[PDB]
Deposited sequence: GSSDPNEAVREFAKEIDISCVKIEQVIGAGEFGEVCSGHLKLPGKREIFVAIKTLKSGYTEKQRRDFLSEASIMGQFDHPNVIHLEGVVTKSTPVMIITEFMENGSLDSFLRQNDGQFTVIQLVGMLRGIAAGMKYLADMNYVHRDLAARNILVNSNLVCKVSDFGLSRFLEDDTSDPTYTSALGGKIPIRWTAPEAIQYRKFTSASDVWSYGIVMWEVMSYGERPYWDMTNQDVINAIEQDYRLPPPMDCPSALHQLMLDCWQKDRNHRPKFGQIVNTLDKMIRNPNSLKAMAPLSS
């Protein structure tokens, strides 16, 4: 995809994850994220970019390209200054407004909408899998029992409704500034709590309209859960009317 002369490795922050610059002929020099790196492991490394390369959305990490003809093998994705959403929020506990947090969630749900629409089931949707930039824009990456829907744990049923459950856990993660879902419960304690109608309590200062949307995402019956298009509509109706976020 990309000629090695267009790539320039600056710093480090399967293999190693690096920072760098990308200047293609007849294009501006842009700051990028470059991942570097066994026959089976080389097939697994490049397969992520094969799935990723099929997507073109503002809330899905953009693949600038791949370098295969030279050593080492490189995955050149767009740069995300603020890294993973879970750690980013943990470092900024109580720093953003409710509107700013709902904006992040609307971004995640929109990228998830696009993926679902493309017949794709993520199966690993969580805040540690969401990347953030200087614009506070949230993008789905990585192409997890306490994020997995019950039906998917019980009879391995994975759909975009099981991704909606995962999205509900991300919603809770965002509103709690990246804390651990179910805190110090074991993976088995979570499974049994979830099967016996237990649902994560609303985080402190969390609006009623936001907690109810998480509850809909966590409906025992997957067909009763909202679709990603409905989630985006719900969060847009909240940004449009910020009074609906006043009641706790």
Deposited sequence positions missing from the model - stretches, numbered from 1, in order
1 to 14, 28 to 31, 56 to 59, 166 to 188, 294 to 298
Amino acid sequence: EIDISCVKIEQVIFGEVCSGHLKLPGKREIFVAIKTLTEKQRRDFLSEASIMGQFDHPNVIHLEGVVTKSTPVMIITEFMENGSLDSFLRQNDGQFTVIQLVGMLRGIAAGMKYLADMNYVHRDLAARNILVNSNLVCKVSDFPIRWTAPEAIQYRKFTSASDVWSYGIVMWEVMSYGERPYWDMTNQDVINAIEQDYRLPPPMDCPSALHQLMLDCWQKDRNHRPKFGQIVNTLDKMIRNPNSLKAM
From here on, numbers count along this sequence of modelled residues.
The stretch whose C-alpha atoms carry the larger average B-factor in the entry, 25 to 33 or 39 to 47, is 39 to 47
Identify the stretch, either 146 to 154 or 115 to 123, whose C-alpha atoms have the larger mean B-factor according to the entry.
115 to 123
Highest Cα B-factor in the deposition, which of 220, 57, 69, 211?
69
Could you say whether, by C-alpha temperature factor, residue 193 belongs to the lowest, middle or highest third of its chain?
middle
Residue 238 CA temperature factor, ranked by third within the chain
middle
Here the Cα B-factor of residue 73, set against its chain, lands in the third termed highest
Grab the CA temperature factor for residue 13 from the record and place it in the lowest, middle or highest third of its chain.
highest
